[PDB]
Amino acid sequence: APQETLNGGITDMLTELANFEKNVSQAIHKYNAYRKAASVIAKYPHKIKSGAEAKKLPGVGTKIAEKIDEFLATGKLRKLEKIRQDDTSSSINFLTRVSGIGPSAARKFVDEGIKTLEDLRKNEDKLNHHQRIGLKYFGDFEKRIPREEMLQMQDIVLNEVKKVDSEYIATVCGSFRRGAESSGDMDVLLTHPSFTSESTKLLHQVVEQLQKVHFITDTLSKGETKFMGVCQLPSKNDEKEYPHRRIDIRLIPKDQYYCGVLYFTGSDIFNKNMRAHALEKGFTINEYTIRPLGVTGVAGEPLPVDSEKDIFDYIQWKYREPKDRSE
DNA sequence: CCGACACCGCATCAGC
DNA sequence: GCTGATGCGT
DNA sequence: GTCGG
Ligand code: NA
Ligand code: NA
Ligand code: NA
Ligand code: NA
């Protein structure tokens, strides 16, 4: 985990570029290209001396190598400096930081003169439900969640779920499950023996109880299988109130639950490699199932999975702890 | 050279 | 009103 | 923007 001081200037630059591609130029693939470049460089255990050196890293190509050369010789990048001062682009880029406001909404807003949160605040009528909530908790949503708070949050979630029906199975996934010391939000995977792929309010009852005890404070979206909202830990009489947090709850069929827990636990890298290894072993693993691949490439019916290990067993790969799934 | 870069639930829009 | 497409987010 | 069939 090389200190940012190594190539932080370079990594910051690529990430800033990444954001403008995504939020202003609406070029999602260039956005991911810059992210990938910044990721590989952020991991590089050496202070980069030239673009040629960086180009050796997978994800860093001709254009980025050239930009690195400019940054190393001048300490900046003309194209980035210019776009920072651009009132329109900087505003569009900024507005996307509000949950619910994507590249399209941000452009539409800036086009009609709405460029700041203050502007947004004065124009509630132009915001949909999600966006109003995103505006309401703008600061809180950008704050991270200490593991200690994630544990208290888990305590409430697991308690209320069991209270609704002791047969529910709930698992808080994400980096939190891998042992991370901080999380950006809470991702809860829920299932019930009564719910399977080929079988016929399970989610509603849980969301409702969480609201009843005033843990869940707002709802961004809610259907029969996925809830996205806001929650807040109860504050101690006198204590500063805790920040509002983003929490998602997904109801998944029992027979596909562990493939789900596996995937949403990550990391994104571990998923890539495991899915790779699975292929060569003659298996295709996605978010919902693991299936065998015949000699001509024809996928067969999904294999029974009753635990994460079952998945690991199928592809000959000793079960690895979540704490060791960094890659 | 030029297509891939993931799949999908929900809220909401666009077209009929 | 219904159906499909789009925006957004994870 | 980068990769690769
Ligand atoms: Na490269
Ligand atoms: Na946003
Ligand atoms: Na954003
Ligand atoms: Na019971």
Side-chain angles (χ1 to χ4, degrees), chain A residues 10 13-41 51 54-68 77 79-80 92 95-109 126-135 137 141-142 172-177 183-190 203-204 207 218-230 245-253 256 259-261 263-269 271-272 274-276 279 284-289:
Chain A
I10 292 185
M13 161 181 82
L14 296 177
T15 294
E16 208 178 318
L17 287 172
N19 299 333
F20 280 105
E21 289 303 332
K22 178 184 68 160
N23 312 316
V24 184
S25 299
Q26 302 185 194
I28 194 62
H29 304 307
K30 285 188 174 178
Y31 158 70
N32 285 308
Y34 279 122
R35 290 177 66 193
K36 183 182 174 187
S39 290
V40 75
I41 286 174
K55 194 159 187 312
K56 296 181 181 181
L57 307 181
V60 175
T62 299
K63 298 293 214 65
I64 289 178
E66 176 177 63
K67 284 180 173 62
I68 286 175
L77 187 67
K79 283 181 187 184
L80 193 50
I92 297 183
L95 291 186
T96 63
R97 285 168 56 187
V98 184
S99 184
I101 301 193
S104 184
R107 193 155 197 181
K108 204 185 309 298
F109 285 137
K126 299 177 179 296
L127 278 60
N128 59 38
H129 185 63
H130 185 145
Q131 296 164 336
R132 293 176 184 184
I133 291 172
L135 172 58
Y137 304 119
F141 286 0
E142 296 200 318
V172 178
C173 302
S175 65
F176 168 77
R177 185 154 178 273
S183 297
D185 56 28
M186 173 164 275
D187 193 31
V188 189
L189 281 68
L190 181 80
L203 180 60
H204 175 77
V207 173
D218 302 270
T219 303
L220 293 168
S221 66
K222 166 166 141 57
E224 286 174 40
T225 75
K226 188 174 185 181
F227 166 94
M228 295 181 72
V230 187
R245 314 297 199 182
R246 277 277 296 102
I247 179 170
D248 291 347
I249 302 174
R250 314 152 175 290
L251 178 69
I252 306 171
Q256 294 173 178
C259 275
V261 171
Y263 179 74
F264 292 107
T265 288
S267 64
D268 294 301
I269 296 179
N271 293 304
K272 183 57 58 181
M274 201 183 120
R275 292 195 168 182
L279 296 185
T284 177
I285 306 178
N286 61 38
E287 171 185 350
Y288 317 103
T289 65

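Convention: sequence-line order gives letters A, B, ...; per-chain numbering from 1. Any value given below was found using the heavy atoms of this structure, including those in side chains, with hydrogens, waters and symmetry copies removed.
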Asker: Counting only side-chain heavy atoms from C-beta out, which of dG1(D), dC3(D), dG9(B) sits nearest to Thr225(A)?
Answerer: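 Minimum distance to the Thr225(A) side chain belongs to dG9(B).
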
Asker: Base, sugar-phosphate or nothing for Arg275(A)? Non-hydrogen atoms, less than 4.0 Å.
Answerer: nothing

Asker: So what does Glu224(A) hit on the nucleic acid, given a heavy-atom distance under 4.0 Å: a base, only sugar-phosphate, or nothing?
Answerer: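 Counting heavy atoms under 4.0 Å across all strands, the contact made by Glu224(A) is with sugar-phosphate only.
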
Asker: Measure across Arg97(A) and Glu142(A) and return the closest heavy-atom pair with its distance rounded to 0.1 Å.
Answerer: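 Scanning both residues, the minimum pair turns out to be NH2-OE1, 2.7 Å.
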
Asker: If you check every side-chain atom of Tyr288(A), which of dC8(B), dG9(C), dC10(B) has the closest atom?
Answerer: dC8(B)

Asker: Base, sugar-phosphate, or nothing: which does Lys63(A) touch, judged by heavy atoms less than 4.0 Å apart?
Answerer: sugar-phosphate

Asker: Contact class for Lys67(A) (heavy atom, under 4.0 Å): base, sugar-phosphate, or nothing?
Answerer: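 The answer is sugar-phosphate, as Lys67(A) gets under 4.0 Å only of primed atoms, P, OP1 or OP2.
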
Asker: Which is true for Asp248(A) with a 4.0 Å heavy-atom rule: it touches a base, it touches only sugar-phosphate, or it touches nothing?
Answerer: sugar-phosphate

Asker: Is any side-chain heavy atom of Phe227(A) less than 4.5 Å from a side-chain heavy atom of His204(A)?
Answerer: no

Asker: Please give, in whole Å, the distance from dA11(B) P to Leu220(A) CG?
Answerer: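 That distance rounds to 10 Å.
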
Asker: Let me know the distance between NE2 of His129(A) and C1' of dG9(C), rounded to the nearest Å.
Answerer: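 In whole Å, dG9(C) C1' lies 15 Å from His129(A) NE2.
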
Asker: Would you check if the side chain of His129(A) reaches a backbone N or O of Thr219(A) as a donor-acceptor pair within less than 3.5 Å?
Answerer: yes

Asker: When you get a sec, tell me which of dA6(B), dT2(D), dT10(C) is the closest nucleotide to the side chain of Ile64(A)?
Answerer: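 Minimum distance to the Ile64(A) side chain belongs to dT2(D).
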
Asker: Describe the nucleic acid contact of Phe264(A) in one word from base, sugar-phosphate, nothing, applying a heavy-atom distance below 4.0 Å.
Answerer: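 The answer is nothing, as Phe264(A) stays clear of every strand by at least 4.0 Å.
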
Asker: Report which part of the nucleic acid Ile101(A) touches: base, sugar-phosphate, or nothing (heavy-atom distance under 4.0 Å, all strands).
Answerer: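 The residue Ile101(A) makes sugar-phosphate contact but no base contact.
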
Asker: Looking at the side chain of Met228(A), which of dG1(D), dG9(C), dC8(C) is the nearest nucleotide?
Answerer: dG9(C)

Asker: What is the distance, rounded to the nearest whole Å, between atom NZ of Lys22(A) and atom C1' of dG9(C)?
Answerer: 10 Å

Asker: What is the separation between atom CD1 on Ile269(A) and atom P on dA6(B), rounded to the nearest whole Å?
Answerer: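 It works out to 15 Å between those atoms.
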
Asker: Locate the shortest heavy-atom distance separating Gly59(A) from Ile64(A); write the atom from each residue and the value.
Answerer: O-CD1, 4.4 Å

Asker: In whole angstroms, how far is the P atom of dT10(C) from the CG atom of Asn286(A)?
Answerer: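 In whole Å, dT10(C) P and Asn286(A) CG are 22 Å from each other.
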
Asker: What is the separation between atom CG on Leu80(A) and atom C1' on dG1(D), rounded to the nearest whole Å?
Answerer: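 These atoms are roughly 16 Å apart.
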
Asker: Please measure how far the P atom in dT10(C) lies from the corresponding atom in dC5(B), and state the result in whole Å.
Answerer: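 That atom pair is separated by 23 Å.
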
Asker: Looking at every strand, decide which applies to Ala105(A) at a 4.0 Å heavy-atom threshold: base, sugar-phosphate, or nothing.
Answerer: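 The residue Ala105(A) makes sugar-phosphate contact but no base contact.
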
Asker: So which nucleotide from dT10(C), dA11(B), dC8(C) ends up closest to the side chain of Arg250(A)?
Answerer: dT10(C)

Asker: Which nucleotide wins on minimum distance to the side chain of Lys30(A), given the candidates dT10(C), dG1(D), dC3(D)?
Answerer: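 Nearest to the side-chain atoms of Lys30(A), counting from C-beta on, is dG1(D).
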
Asker: When rounded to the nearest Å, what value does the distance between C1' atoms of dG9(B) and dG1(D) take?
Answerer: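 That atom pair is separated by 30 Å.
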
Asker: On a heavy-atom basis, which atom in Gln131(A) and which in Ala105(A) lie closest, and how many Å separate them?
Answerer: NE2-CB, 3.7 Å

Asker: Measure from NZ on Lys272(A) to P on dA6(B) and round the result to the nearest Å.
Answerer: 8 Å

Asker: Reckon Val98(A) touches a base, only the sugar-phosphate, or nothing at all at heavy-atom distances under 4.0 Å?
Answerer: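 Here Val98(A) touches the backbone only, sparing every base.
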
Asker: Flag the pair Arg35(A) / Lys22(A) as yes when at least one side-chain heavy-atom distance between them is below 4.5 Å, and no otherwise.
Answerer: no

Asker: Just compare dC8(C), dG1(D), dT12(B) and give me whichever is closest to any side-chain atom of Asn128(A).
Answerer: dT12(B)

Asker: Which of the following nucleotides, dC8(C), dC8(B), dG1(D), is nearest to the side chain of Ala33(A)?
Answerer: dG1(D)

Asker: Provide, to the nearest angstrom, the distance between the CD1 atom belonging to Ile41(A) and the P atom belonging to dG1(D).
Answerer: 15 Å

Asker: Check every atom of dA11(B), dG1(D), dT10(C) against the side chain of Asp185(A) and return the nucleotide holding the closest atom.
Answerer: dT10(C)

Asker: Using the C1'-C2'-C3'-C4' torsion, classify the pucker of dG1(D) as north or south, with positive meaning north.
Answerer: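 On the sign test, where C1'-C2'-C3'-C4' is negative, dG1(D) is classed south.
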
Asker: Report the residue from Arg177(A), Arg250(A), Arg246(A) that forms a side chain to side chain donor-acceptor pair (under 3.5 Å) with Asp187(A).
Answerer: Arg250(A)

